[PDB]
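> Below: one structure in structure tokens.
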Amino acid sequence: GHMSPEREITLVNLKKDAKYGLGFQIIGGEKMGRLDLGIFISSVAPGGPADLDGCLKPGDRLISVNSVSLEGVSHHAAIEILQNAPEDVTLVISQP
Amino acid sequence: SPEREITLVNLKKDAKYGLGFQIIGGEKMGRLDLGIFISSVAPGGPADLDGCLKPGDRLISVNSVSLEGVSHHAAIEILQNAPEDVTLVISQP
Amino acid sequence: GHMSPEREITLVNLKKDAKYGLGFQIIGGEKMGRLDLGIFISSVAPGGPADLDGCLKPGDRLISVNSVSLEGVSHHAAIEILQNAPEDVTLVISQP
Amino acid sequence: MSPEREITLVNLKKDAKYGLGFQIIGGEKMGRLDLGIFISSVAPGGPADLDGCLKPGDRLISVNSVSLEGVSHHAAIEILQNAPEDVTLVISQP
Ligand SMILES: [Cl-]
Ligand SMILES: [Cl-]
Ligand SMILES: [Cl-]
Ligand SMILES: [Cl-]
């Protein structure tokens, strides 16, 4: 027997908008090295793709941008990865 | 190209092999810790025949249930108690 | 590219870096039988000694550090063995 | 209660009369990552004996680059037999 796990993984499918991009901002970065997932959603822009989809929320943990893992990624590099992502993006996130 | 990769793996348990892999990890997990990894993959088993899962891969979820904060002991039970059809989210080098 | 019934044994020669150390992390349990080998590679840092050498990968099994066997060695003790190792390290590992 | 064990690489050459000059024991039903092969005897005057390192009780971990993880006693014998004349063993010792 064990304590029931609390969190879930979700796949969020978004399309970049010329005006919004993906319509969210991030906070954080790795501190503990290669396996550290330190990136979280800091805000979701009203009327943007993430908002309209409805799933992504401030506080959610960002695990991947399509297949690109954010494990061990700095804040700077995470910004880069999001910027360089194609128009069609699936975010793997964990949620409370 | 330095980033790791996130992949989804769909497996069906087999009578002899189960899912066809073993896991390792500690028992003390912080709420957001992901400490479950693959230690071996059985030749002939579903994981092997599927071809994606490898030793060293990091197990992130089982049928959408996150392994964040989940101990090795709890993860074994989750995998053993899982239905025949499982979708795994993993990270890979 | 499926798993082989026979695994592989490999020697890896690394030099510690002042910032990276050996450039990898390990995982394993704390309870070990005297002959158990429960230590495995969990990550390899891009640009670190292990990465540049190109042999060591996550999932590899750590068998010795400069002839010191990991048999019966707990995760906490293995970390200490890697920390206490000199600059020039020879690893014996097993690989899938 | 006993110090860390020691891993050694032993370089031997097969001999026409002695082979490698040692025998092994172990079970047949190994798990994937089990290492259940051990040295049982070392022949006086054969390669292993002359080399001086290998002793009965030692654990045999590999034959050249072939791991004995999950390898049965039967299969280990065949791995040793099939090996070329130049052989490197990885062993563990007390
Ligand atoms: Cl394996
Ligand atoms: Cl690392
Ligand atoms: Cl890695
Ligand atoms: Cl012994």
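Letters A, B, ... mark the chains of the structure tokens in the order given; residue numbers begin at 1 per chain; ligand numbers begin at 1, in order shown.
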Which residues of chain C are close to chain D, meaning at most 7 Å apart when you count only C-alpha atoms, and how do they look as a list in words?

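Close to chain D, chain C has residues 6, 7, 8, 9, 10, 64, 67, 68, 69 and 71 of chain C.
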
> Name all residues at most 7 Å from range 22-38 of chain B (count only C-alpha atoms; drop same-chain ones fewer than 3 positions away) and give them as a list in words.

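Skipping anything fewer than 3 positions along the chain leaves residues 41, 54, 55, 56, 57, 58, 59, 60, 67, 68, 69, 70, 71, 72 and 73 of chain B; 27, 28 and 29 of chain C.
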
> Convert the current residue selection to file output with N, CA, C and O atoms, as a short mmCIF file (atom, residue, chain, number, x, y, z; two decimals), in the first residue's frame.


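See out-v3.cif below for the written result:
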data_model
loop_
_atom_site.label_atom_id
_atom_site.label_comp_id
_atom_site.auth_asym_id
_atom_site.auth_seq_id
_atom_site.Cartn_x
_atom_site.Cartn_y
_atom_site.Cartn_z
N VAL B 41 15.79 -3.72 -19.05
CA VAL B 41 14.67 -4.01 -19.92
C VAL B 41 14.83 -5.43 -20.42
O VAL B 41 15.87 -5.77 -20.99
N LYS B 54 14.44 2.41 -22.55
CA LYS B 54 15.78 1.87 -22.35
C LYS B 54 16.23 2.05 -20.90
O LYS B 54 15.76 2.95 -20.22
N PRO B 55 17.18 1.21 -20.43
CA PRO B 55 17.75 1.50 -19.11
C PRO B 55 18.30 2.93 -19.03
O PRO B 55 18.87 3.42 -20.01
N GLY B 56 18.09 3.58 -17.90
CA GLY B 56 18.50 4.96 -17.72
C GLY B 56 17.39 5.96 -17.96
O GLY B 56 17.51 7.11 -17.55
N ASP B 57 16.32 5.54 -18.62
CA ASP B 57 15.23 6.49 -18.87
C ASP B 57 14.55 6.84 -17.56
O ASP B 57 14.57 6.04 -16.62
N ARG B 58 13.95 8.02 -17.50
CA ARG B 58 13.33 8.50 -16.27
C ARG B 58 11.82 8.40 -16.40
O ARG B 58 11.25 8.87 -17.39
N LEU B 59 11.17 7.76 -15.42
CA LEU B 59 9.73 7.54 -15.51
C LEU B 59 8.95 8.71 -14.91
O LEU B 59 9.04 8.99 -13.70
N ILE B 60 8.17 9.37 -15.75
CA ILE B 60 7.49 10.59 -15.32
C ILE B 60 6.01 10.36 -14.99
O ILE B 60 5.50 10.91 -14.02
N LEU B 67 4.62 10.68 -11.24
CA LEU B 67 5.47 10.05 -10.25
C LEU B 67 6.23 11.09 -9.43
O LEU B 67 7.16 10.75 -8.69
N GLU B 68 5.82 12.36 -9.55
CA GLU B 68 6.36 13.41 -8.70
C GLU B 68 6.05 13.10 -7.24
O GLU B 68 4.90 12.87 -6.88
N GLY B 69 7.10 13.07 -6.42
CA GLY B 69 6.95 12.78 -5.01
C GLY B 69 6.68 11.33 -4.69
O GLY B 69 6.33 11.00 -3.56
N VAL B 70 6.83 10.45 -5.68
CA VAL B 70 6.49 9.05 -5.48
C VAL B 70 7.74 8.21 -5.20
O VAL B 70 8.71 8.27 -5.94
N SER B 71 7.70 7.44 -4.11
CA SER B 71 8.82 6.60 -3.71
C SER B 71 8.99 5.39 -4.62
O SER B 71 8.06 5.00 -5.32
N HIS B 72 10.16 4.77 -4.58
CA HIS B 72 10.38 3.53 -5.32
C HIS B 72 9.32 2.49 -4.96
O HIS B 72 8.76 1.84 -5.83
N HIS B 73 9.04 2.34 -3.66
CA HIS B 73 8.09 1.34 -3.21
C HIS B 73 6.70 1.61 -3.78
O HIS B 73 6.03 0.70 -4.26
N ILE C 27 22.26 6.99 -9.11
CA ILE C 27 21.07 6.64 -8.36
C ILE C 27 21.19 5.21 -7.88
O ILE C 27 21.97 4.42 -8.42
N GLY C 28 20.40 4.88 -6.87
CA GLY C 28 20.37 3.55 -6.32
C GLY C 28 19.77 3.63 -4.94
O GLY C 28 19.54 4.72 -4.41
N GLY C 29 19.51 2.46 -4.36
CA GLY C 29 18.93 2.38 -3.03
C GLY C 29 19.96 2.52 -1.93
O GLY C 29 21.14 2.70 -2.20
#

> Which residues are near ligand 2 in this structure, taking near to mean any atom at most 6 Å from a ligand atom and counting only C-alpha atoms and all ligand atoms? Format them as a count of residues only.

7

> Of the candidates C:13, C:42, C:84, C:4, which shows the shortest atom-to-atom distance to chain A, using only C-alpha atoms?

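The closest residue to chain A is C:42.
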
> Hand me chain A as it sits after a least-squares fit onto chain C over every Cα, paired in order, written as a compact mmCIF listing (two decimals) with N, CA, C and O atoms, in the first residue's frame.


# COMPACT_ATOMS: atom_id res chain seq x y z
N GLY A 1 21.62 -23.11 -27.87
CA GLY A 1 21.23 -21.79 -28.33
C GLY A 1 20.67 -20.96 -27.19
O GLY A 1 20.27 -21.50 -26.16
N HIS A 2 20.66 -19.64 -27.35
CA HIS A 2 20.17 -18.76 -26.30
C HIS A 2 19.81 -17.38 -26.83
O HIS A 2 20.21 -17.00 -27.93
N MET A 3 19.04 -16.64 -26.03
CA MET A 3 18.74 -15.25 -26.31
C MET A 3 20.04 -14.46 -26.26
O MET A 3 20.78 -14.55 -25.29
N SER A 4 20.32 -13.70 -27.31
CA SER A 4 21.52 -12.88 -27.37
C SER A 4 21.51 -11.83 -26.25
O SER A 4 20.51 -11.14 -26.07
N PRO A 5 22.61 -11.73 -25.48
CA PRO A 5 22.68 -10.73 -24.40
C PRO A 5 22.49 -9.33 -24.96
O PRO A 5 22.97 -9.06 -26.05
N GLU A 6 21.83 -8.46 -24.21
CA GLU A 6 21.52 -7.13 -24.72
C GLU A 6 22.53 -6.04 -24.34
O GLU A 6 22.71 -5.08 -25.09
N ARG A 7 23.18 -6.18 -23.19
CA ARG A 7 23.97 -5.09 -22.64
C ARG A 7 25.46 -5.28 -22.88
O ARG A 7 25.90 -6.37 -23.25
N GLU A 8 26.22 -4.21 -22.69
CA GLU A 8 27.66 -4.26 -22.85
C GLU A 8 28.33 -3.57 -21.69
O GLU A 8 27.74 -2.72 -21.03
N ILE A 9 29.57 -3.96 -21.43
CA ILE A 9 30.41 -3.29 -20.45
C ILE A 9 31.33 -2.32 -21.18
O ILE A 9 31.81 -2.61 -22.28
N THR A 10 31.53 -1.15 -20.58
CA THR A 10 32.38 -0.13 -21.17
C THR A 10 33.32 0.42 -20.11
O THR A 10 32.94 0.56 -18.95
N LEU A 11 34.55 0.71 -20.50
CA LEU A 11 35.48 1.39 -19.60
C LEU A 11 35.57 2.85 -20.02
O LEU A 11 35.87 3.15 -21.17
N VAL A 12 35.27 3.75 -19.09
CA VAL A 12 35.30 5.19 -19.36
C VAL A 12 36.41 5.86 -18.57
O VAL A 12 36.41 5.87 -17.34
N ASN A 13 37.36 6.45 -19.29
CA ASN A 13 38.51 7.09 -18.67
C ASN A 13 38.30 8.60 -18.57
O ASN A 13 38.18 9.27 -19.59
N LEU A 14 38.27 9.11 -17.35
CA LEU A 14 38.00 10.53 -17.12
C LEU A 14 39.08 11.15 -16.24
O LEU A 14 39.77 10.44 -15.51
N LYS A 15 39.22 12.47 -16.31
CA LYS A 15 40.07 13.19 -15.38
C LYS A 15 39.25 14.20 -14.60
O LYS A 15 38.51 14.98 -15.19
N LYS A 16 39.39 14.19 -13.27
CA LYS A 16 38.68 15.16 -12.44
C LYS A 16 39.10 16.58 -12.77
O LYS A 16 40.28 16.87 -12.97
N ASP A 17 38.10 17.45 -12.82
CA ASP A 17 38.29 18.87 -13.07
C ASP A 17 38.00 19.63 -11.77
O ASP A 17 37.08 19.28 -11.04
N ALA A 18 38.80 20.65 -11.46
CA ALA A 18 38.63 21.38 -10.20
C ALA A 18 37.23 21.97 -10.06
O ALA A 18 36.70 22.12 -8.95
N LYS A 19 36.64 22.31 -11.19
CA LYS A 19 35.35 22.97 -11.25
C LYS A 19 34.21 21.93 -11.22
O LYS A 19 33.26 22.07 -10.45
N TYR A 20 34.34 20.88 -12.01
CA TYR A 20 33.28 19.88 -12.17
C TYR A 20 33.41 18.62 -11.32
O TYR A 20 32.43 17.89 -11.13
N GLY A 21 34.61 18.31 -10.87
CA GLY A 21 34.89 16.96 -10.41
C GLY A 21 34.86 16.08 -11.65
O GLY A 21 35.51 16.39 -12.65
N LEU A 22 34.08 14.99 -11.62
CA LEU A 22 33.96 14.13 -12.79
C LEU A 22 32.83 14.58 -13.72
O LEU A 22 32.75 14.12 -14.86
N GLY A 23 31.96 15.45 -13.22
CA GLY A 23 30.89 16.00 -14.04
C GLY A 23 29.67 15.09 -14.19
O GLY A 23 29.00 15.10 -15.22
N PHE A 24 29.37 14.29 -13.17
CA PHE A 24 28.11 13.54 -13.19
C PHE A 24 27.61 13.29 -11.79
O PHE A 24 28.34 13.41 -10.82
N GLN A 25 26.32 12.96 -11.70
CA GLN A 25 25.66 12.67 -10.44
C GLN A 25 25.13 11.25 -10.48
O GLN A 25 24.92 10.72 -11.57
N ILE A 26 24.91 10.67 -9.31
CA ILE A 26 24.37 9.31 -9.25
C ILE A 26 23.07 9.24 -8.47
O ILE A 26 22.81 10.08 -7.60
N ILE A 27 22.30 8.21 -8.78
CA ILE A 27 21.09 7.88 -8.03
C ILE A 27 21.19 6.42 -7.59
O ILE A 27 21.84 5.61 -8.25
N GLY A 28 20.57 6.10 -6.46
CA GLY A 28 20.45 4.72 -6.04
C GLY A 28 21.44 4.27 -4.99
O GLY A 28 22.29 5.03 -4.53
N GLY A 29 21.30 3.00 -4.61
CA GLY A 29 22.13 2.39 -3.59
C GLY A 29 21.69 0.95 -3.47
O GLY A 29 20.66 0.57 -4.01
N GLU A 30 22.48 0.14 -2.77
CA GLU A 30 22.09 -1.25 -2.59
C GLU A 30 20.83 -1.33 -1.75
O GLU A 30 20.63 -0.53 -0.82
N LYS A 31 19.99 -2.31 -2.06
CA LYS A 31 18.86 -2.66 -1.22
C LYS A 31 18.92 -4.13 -0.83
O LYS A 31 18.46 -4.52 0.25
N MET A 32 19.51 -4.94 -1.70
CA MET A 32 19.49 -6.39 -1.52
C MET A 32 20.82 -6.93 -1.00
O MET A 32 21.07 -8.14 -1.08
N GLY A 33 21.68 -6.06 -0.49
CA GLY A 33 22.90 -6.50 0.16
C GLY A 33 24.17 -6.48 -0.67
O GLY A 33 24.27 -5.78 -1.68
N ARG A 34 25.14 -7.29 -0.23
CA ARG A 34 26.54 -7.27 -0.67
C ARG A 34 26.81 -7.34 -2.17
O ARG A 34 27.82 -6.81 -2.65
N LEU A 35 25.93 -8.00 -2.92
CA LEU A 35 26.16 -8.19 -4.35
C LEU A 35 25.32 -7.24 -5.20
O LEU A 35 25.44 -7.25 -6.42
N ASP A 36 24.48 -6.44 -4.56
CA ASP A 36 23.54 -5.58 -5.28
C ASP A 36 24.27 -4.38 -5.90
O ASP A 36 24.98 -3.65 -5.21
N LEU A 37 24.09 -4.19 -7.21
CA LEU A 37 24.62 -3.03 -7.91
C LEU A 37 23.47 -2.08 -8.19
O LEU A 37 22.80 -2.20 -9.21
N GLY A 38 23.25 -1.14 -7.27
CA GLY A 38 22.08 -0.29 -7.35
C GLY A 38 22.37 1.14 -7.76
O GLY A 38 21.49 1.98 -7.65
N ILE A 39 23.58 1.41 -8.22
CA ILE A 39 23.99 2.78 -8.54
C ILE A 39 23.87 3.06 -10.03
O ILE A 39 24.41 2.33 -10.85
N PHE A 40 23.18 4.14 -10.37
CA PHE A 40 23.02 4.53 -11.77
C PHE A 40 23.38 6.01 -11.97
O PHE A 40 23.33 6.80 -11.03
N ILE A 41 23.75 6.36 -13.19
CA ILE A 41 24.03 7.75 -13.53
C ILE A 41 22.72 8.53 -13.61
O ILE A 41 21.82 8.13 -14.34
N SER A 42 22.60 9.62 -12.84
CA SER A 42 21.35 10.39 -12.84
C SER A 42 21.43 11.61 -13.74
O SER A 42 20.42 12.05 -14.29
N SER A 43 22.63 12.16 -13.89
CA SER A 43 22.82 13.33 -14.76
C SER A 43 24.28 13.47 -15.18
O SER A 43 25.18 12.98 -14.51
N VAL A 44 24.49 14.15 -16.30
CA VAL A 44 25.81 14.45 -16.82
C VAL A 44 25.89 15.95 -17.06
O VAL A 44 25.08 16.49 -17.81
N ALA A 45 26.85 16.62 -16.43
CA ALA A 45 26.91 18.08 -16.44
C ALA A 45 27.45 18.59 -17.76
O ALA A 45 28.50 18.13 -18.21
N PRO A 46 26.71 19.51 -18.41
CA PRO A 46 27.18 20.07 -19.69
C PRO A 46 28.58 20.66 -19.57
O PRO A 46 28.82 21.44 -18.66
N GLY A 47 29.48 20.28 -20.48
CA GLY A 47 30.82 20.83 -20.50
C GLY A 47 31.80 20.22 -19.52
O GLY A 47 32.98 20.59 -19.51
N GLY A 48 31.34 19.28 -18.69
CA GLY A 48 32.20 18.62 -17.73
C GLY A 48 32.93 17.43 -18.32
O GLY A 48 32.72 17.08 -19.48
N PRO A 49 33.81 16.80 -17.53
CA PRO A 49 34.61 15.70 -18.09
C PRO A 49 33.78 14.57 -18.70
O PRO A 49 34.08 14.11 -19.80
N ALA A 50 32.73 14.13 -18.00
CA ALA A 50 31.94 13.02 -18.52
C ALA A 50 31.24 13.43 -19.81
O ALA A 50 31.15 12.64 -20.74
N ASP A 51 30.77 14.67 -19.88
CA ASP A 51 30.07 15.14 -21.08
C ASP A 51 31.03 15.21 -22.26
O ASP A 51 30.71 14.75 -23.36
N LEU A 52 32.22 15.77 -22.03
CA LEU A 52 33.20 15.96 -23.09
C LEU A 52 33.69 14.63 -23.64
O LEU A 52 33.94 14.49 -24.85
N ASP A 53 33.83 13.63 -22.77
CA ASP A 53 34.20 12.29 -23.22
C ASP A 53 33.12 11.66 -24.10
O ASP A 53 33.42 10.99 -25.08
N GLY A 54 31.86 11.87 -23.73
CA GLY A 54 30.75 11.55 -24.62
C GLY A 54 30.13 10.19 -24.41
O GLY A 54 29.06 9.90 -24.94
N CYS A 55 30.78 9.34 -23.63
CA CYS A 55 30.32 7.96 -23.48
C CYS A 55 29.27 7.77 -22.38
O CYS A 55 28.23 7.16 -22.60
N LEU A 56 29.56 8.31 -21.20
CA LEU A 56 28.67 8.14 -20.05
C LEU A 56 27.35 8.86 -20.25
O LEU A 56 27.33 10.04 -20.59
N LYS A 57 26.25 8.15 -20.02
CA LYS A 57 24.91 8.70 -20.20
C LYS A 57 24.03 8.49 -18.96
O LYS A 57 24.17 7.49 -18.27
N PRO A 58 23.12 9.44 -18.69
CA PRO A 58 22.08 9.20 -17.69
C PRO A 58 21.44 7.83 -17.91
O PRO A 58 21.16 7.49 -19.06
N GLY A 59 21.28 7.05 -16.84
CA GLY A 59 20.68 5.73 -16.94
C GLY A 59 21.68 4.59 -16.97
O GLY A 59 21.33 3.45 -16.68
N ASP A 60 22.93 4.89 -17.33
CA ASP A 60 23.98 3.87 -17.30
C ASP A 60 24.19 3.35 -15.88
O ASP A 60 23.94 4.05 -14.89
N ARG A 61 24.64 2.11 -15.77
CA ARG A 61 24.86 1.50 -14.48
C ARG A 61 26.33 1.62 -14.09
O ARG A 61 27.19 1.22 -14.86
N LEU A 62 26.61 2.15 -12.90
CA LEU A 62 27.99 2.32 -12.45
C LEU A 62 28.46 1.13 -11.64
O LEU A 62 27.99 0.90 -10.54
N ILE A 63 29.40 0.38 -12.20
CA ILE A 63 29.87 -0.86 -11.56
C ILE A 63 31.13 -0.64 -10.73
O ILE A 63 31.26 -1.20 -9.63
N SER A 64 32.05 0.21 -11.20
CA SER A 64 33.26 0.46 -10.42
C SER A 64 33.80 1.87 -10.61
O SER A 64 33.55 2.51 -11.62
N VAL A 65 34.55 2.33 -9.61
CA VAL A 65 35.29 3.58 -9.68
C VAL A 65 36.74 3.15 -9.55
O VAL A 65 37.18 2.76 -8.46
N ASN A 66 37.46 3.21 -10.67
CA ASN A 66 38.68 2.44 -10.84
C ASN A 66 38.41 0.99 -10.44
O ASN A 66 37.52 0.36 -11.00
N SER A 67 39.14 0.46 -9.46
CA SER A 67 38.97 -0.95 -9.11
C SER A 67 37.98 -1.16 -7.97
O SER A 67 37.72 -2.30 -7.57
N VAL A 68 37.44 -0.06 -7.44
CA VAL A 68 36.53 -0.14 -6.30
C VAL A 68 35.13 -0.49 -6.77
O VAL A 68 34.47 0.29 -7.46
N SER A 69 34.67 -1.67 -6.39
CA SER A 69 33.35 -2.13 -6.81
C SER A 69 32.24 -1.40 -6.06
O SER A 69 32.36 -1.11 -4.86
N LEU A 70 31.14 -1.13 -6.75
CA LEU A 70 29.98 -0.53 -6.09
C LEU A 70 28.98 -1.61 -5.66
O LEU A 70 27.90 -1.31 -5.17
N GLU A 71 29.35 -2.88 -5.79
CA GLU A 71 28.51 -3.95 -5.24
C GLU A 71 28.25 -3.77 -3.74
O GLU A 71 29.18 -3.65 -2.95
N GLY A 72 26.97 -3.76 -3.36
CA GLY A 72 26.60 -3.67 -1.96
C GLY A 72 26.80 -2.31 -1.32
O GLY A 72 26.69 -2.15 -0.11
N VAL A 73 27.08 -1.30 -2.14
CA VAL A 73 27.40 0.02 -1.62
C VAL A 73 26.14 0.89 -1.50
O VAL A 73 25.31 0.92 -2.41
N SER A 74 26.00 1.56 -0.36
CA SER A 74 24.92 2.51 -0.12
C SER A 74 25.09 3.76 -0.97
O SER A 74 26.16 4.02 -1.53
N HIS A 75 24.03 4.56 -1.06
CA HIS A 75 24.11 5.82 -1.79
C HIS A 75 25.19 6.72 -1.18
O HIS A 75 26.03 7.25 -1.89
N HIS A 76 25.11 6.89 0.13
CA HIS A 76 26.09 7.69 0.88
C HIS A 76 27.53 7.26 0.59
O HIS A 76 28.39 8.10 0.31
N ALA A 77 27.78 5.96 0.65
CA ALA A 77 29.14 5.44 0.49
C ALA A 77 29.62 5.61 -0.94
O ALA A 77 30.80 5.85 -1.19
N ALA A 78 28.71 5.49 -1.90
CA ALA A 78 29.05 5.70 -3.30
C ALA A 78 29.49 7.14 -3.53
O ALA A 78 30.46 7.40 -4.26
N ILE A 79 28.77 8.08 -2.92
CA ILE A 79 29.15 9.48 -3.00
C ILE A 79 30.57 9.66 -2.49
O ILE A 79 31.38 10.34 -3.12
N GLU A 80 30.86 9.02 -1.36
CA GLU A 80 32.18 9.08 -0.72
C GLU A 80 33.27 8.54 -1.63
O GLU A 80 34.34 9.14 -1.75
N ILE A 81 33.01 7.39 -2.23
CA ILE A 81 33.97 6.73 -3.10
C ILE A 81 34.31 7.62 -4.31
O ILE A 81 35.48 7.78 -4.66
N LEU A 82 33.29 8.23 -4.91
CA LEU A 82 33.53 9.13 -6.03
C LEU A 82 34.32 10.36 -5.61
O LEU A 82 35.22 10.80 -6.33
N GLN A 83 33.99 10.91 -4.45
CA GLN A 83 34.68 12.10 -3.95
C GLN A 83 36.15 11.80 -3.66
O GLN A 83 37.03 12.61 -3.96
N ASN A 84 36.42 10.63 -3.09
CA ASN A 84 37.77 10.26 -2.69
C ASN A 84 38.62 9.64 -3.79
O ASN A 84 39.82 9.40 -3.60
N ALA A 85 38.02 9.39 -4.95
CA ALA A 85 38.77 8.87 -6.09
C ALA A 85 39.87 9.85 -6.51
O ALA A 85 39.72 11.06 -6.32
N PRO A 86 40.98 9.34 -7.06
CA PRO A 86 42.05 10.22 -7.54
C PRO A 86 41.63 11.03 -8.78
O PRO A 86 40.50 10.90 -9.24
N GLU A 87 42.54 11.85 -9.30
CA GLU A 87 42.25 12.66 -10.47
C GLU A 87 41.94 11.82 -11.70
O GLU A 87 41.01 12.12 -12.45
N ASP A 88 42.72 10.76 -11.91
CA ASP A 88 42.50 9.86 -13.03
C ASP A 88 41.59 8.72 -12.61
O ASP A 88 41.92 7.96 -11.70
N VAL A 89 40.45 8.61 -13.28
CA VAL A 89 39.44 7.62 -12.91
C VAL A 89 39.00 6.83 -14.14
O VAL A 89 38.67 7.40 -15.18
N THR A 90 39.01 5.51 -14.02
CA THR A 90 38.34 4.67 -15.00
C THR A 90 37.06 4.13 -14.39
O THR A 90 37.10 3.44 -13.37
N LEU A 91 35.93 4.47 -15.00
CA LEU A 91 34.65 3.91 -14.59
C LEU A 91 34.36 2.62 -15.36
O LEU A 91 34.41 2.60 -16.58
N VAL A 92 34.07 1.53 -14.66
CA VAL A 92 33.45 0.42 -15.36
C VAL A 92 31.94 0.58 -15.29
O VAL A 92 31.37 0.71 -14.20
N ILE A 93 31.29 0.63 -16.45
CA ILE A 93 29.85 0.80 -16.51
C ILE A 93 29.23 -0.28 -17.36
O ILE A 93 29.92 -0.91 -18.15
N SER A 94 27.94 -0.53 -17.17
CA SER A 94 27.19 -1.28 -18.17
C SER A 94 26.19 -0.34 -18.83
O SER A 94 25.68 0.59 -18.20
N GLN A 95 25.93 -0.60 -20.11
CA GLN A 95 25.08 0.25 -20.94
C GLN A 95 24.10 -0.60 -21.73
O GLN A 95 24.41 -1.71 -22.13
N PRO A 96 22.89 -0.06 -21.96
CA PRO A 96 21.91 -0.70 -22.83
C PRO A 96 22.31 -0.55 -24.28
O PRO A 96 23.18 0.26 -24.60

> As a CSV table (one decimal) with C-alpha atoms, in the first residue's frame, list the residues of range 5-87 of chain A assigned to alpha helix (DSSP H) by DSSP on the backbone atoms of this structure.


chain,number,residue,atom,x,y,z
A,49,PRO,CA,-3.6,30.7,-27.1
A,50,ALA,CA,-2.9,29.2,-23.7
A,51,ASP,CA,-5.8,31.1,-22.2
A,52,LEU,CA,-8.3,30.1,-24.9
A,53,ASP,CA,-7.3,26.4,-24.6
A,75,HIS,CA,15.9,30.3,-17.4
A,76,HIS,CA,17.6,31.9,-20.4
A,77,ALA,CA,17.7,28.7,-22.4
A,78,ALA,CA,14.0,27.9,-21.6
A,79,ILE,CA,13.1,31.3,-23.0
A,80,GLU,CA,15.1,30.4,-26.1
A,81,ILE,CA,13.5,27.0,-26.5
A,82,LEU,CA,10.0,28.5,-26.3
A,83,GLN,CA,10.9,31.2,-28.8
A,84,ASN,CA,12.4,28.7,-31.3

> Using only C-alpha atoms and all ligand atoms, which of the listed residues (D:31, D:13, D:1, D:21) sits closest to ligand 1?

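Under the stated criterion, the closest residue is D:31.
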
> Output as a VMD selection string the set of chain B residues within 8 Å of chain A, with distances taken over only C-alpha atoms.

chain B and resid 3 to 7 61 64 to 70 73 to 74 77 91

> Could you jot down the CA of residue 93 in chain B to CA of residue 30 in chain D separation for me, Å, one decimal place?

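Separation of CA of residue 93 in chain B and CA of residue 30 in chain D: 29.0 Å.
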
> If you measure from CA of residue 40 in chain B to CA of residue 87 in chain D, what distance in Å do you get, rounded to one decimal?

27.0 Å

> Give the strand (DSSP E) residues of chain B, as assigned by DSSP on the backbone, as a PyMOL selection string.

chain B and resi 5-12+21-24+37-41+58-62+65-66+85-92

> Could you list, as a short mmCIF file (atom, residue, chain, number, x, y, z; two decimals) with N, CA, C and O atoms, in the first residue's frame, every residue within 12 Å of range 17-19 of chain D, counting only C-alpha atoms and ignoring same-chain residues fewer than 5 positions away?


data_model
loop_
_atom_site.label_atom_id
_atom_site.label_comp_id
_atom_site.auth_asym_id
_atom_site.auth_seq_id
_atom_site.Cartn_x
_atom_site.Cartn_y
_atom_site.Cartn_z
N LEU D 12 44.93 -12.85 -19.52
CA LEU D 12 45.43 -14.21 -19.69
C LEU D 12 45.48 -14.57 -21.15
O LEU D 12 44.77 -14.00 -21.98
N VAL D 42 41.70 -23.32 -9.55
CA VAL D 42 42.75 -22.75 -10.39
C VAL D 42 43.85 -23.81 -10.57
O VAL D 42 44.40 -24.32 -9.59
N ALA D 43 44.14 -24.17 -11.82
CA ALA D 43 45.02 -25.31 -12.10
C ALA D 43 46.50 -24.95 -11.90
O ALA D 43 46.98 -23.99 -12.48
N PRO D 44 47.22 -25.74 -11.07
CA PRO D 44 48.65 -25.49 -10.89
C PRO D 44 49.40 -25.48 -12.22
O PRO D 44 49.29 -26.44 -12.98
N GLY D 45 50.12 -24.40 -12.50
CA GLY D 45 50.90 -24.31 -13.72
C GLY D 45 50.19 -23.75 -14.93
O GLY D 45 50.81 -23.50 -15.96
N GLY D 46 48.87 -23.56 -14.82
CA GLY D 46 48.11 -22.96 -15.90
C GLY D 46 48.12 -21.44 -15.90
O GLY D 46 48.63 -20.83 -14.96
N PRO D 47 47.54 -20.81 -16.93
CA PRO D 47 47.61 -19.35 -17.04
C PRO D 47 47.13 -18.60 -15.79
O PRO D 47 47.85 -17.72 -15.30
N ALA D 48 45.96 -18.94 -15.26
CA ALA D 48 45.43 -18.21 -14.11
C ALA D 48 46.36 -18.34 -12.91
O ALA D 48 46.60 -17.37 -12.18
N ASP D 49 46.91 -19.53 -12.71
CA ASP D 49 47.81 -19.77 -11.59
C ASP D 49 49.09 -18.96 -11.73
O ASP D 49 49.52 -18.30 -10.77
N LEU D 50 49.69 -19.02 -12.91
CA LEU D 50 50.96 -18.36 -13.19
C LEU D 50 50.81 -16.85 -13.03
O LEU D 50 51.71 -16.17 -12.54
N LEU D 80 33.38 -18.65 -22.17
CA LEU D 80 34.80 -18.87 -21.94
C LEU D 80 35.43 -19.72 -23.05
O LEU D 80 36.54 -19.44 -23.51
N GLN D 81 34.72 -20.75 -23.47
CA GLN D 81 35.21 -21.64 -24.53
C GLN D 81 35.37 -20.91 -25.86
O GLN D 81 36.35 -21.11 -26.58
N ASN D 82 34.40 -20.07 -26.17
CA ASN D 82 34.34 -19.36 -27.44
C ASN D 82 35.32 -18.20 -27.53
O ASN D 82 35.63 -17.72 -28.61
N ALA D 83 35.80 -17.75 -26.37
CA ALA D 83 36.70 -16.61 -26.32
C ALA D 83 37.96 -16.86 -27.15
O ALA D 83 38.42 -18.00 -27.26
N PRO D 84 38.52 -15.79 -27.73
CA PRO D 84 39.78 -15.92 -28.47
C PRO D 84 40.93 -16.20 -27.50
O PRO D 84 40.72 -16.22 -26.29
N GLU D 85 42.13 -16.43 -28.02
CA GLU D 85 43.26 -16.75 -27.16
C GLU D 85 43.60 -15.65 -26.16
O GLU D 85 43.98 -15.93 -25.04
N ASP D 86 43.47 -14.39 -26.58
CA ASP D 86 43.70 -13.28 -25.67
C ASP D 86 42.43 -12.96 -24.92
O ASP D 86 41.41 -12.62 -25.51
N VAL D 87 42.50 -13.09 -23.60
CA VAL D 87 41.34 -12.94 -22.73
C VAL D 87 41.63 -11.96 -21.60
O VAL D 87 42.63 -12.08 -20.90
#
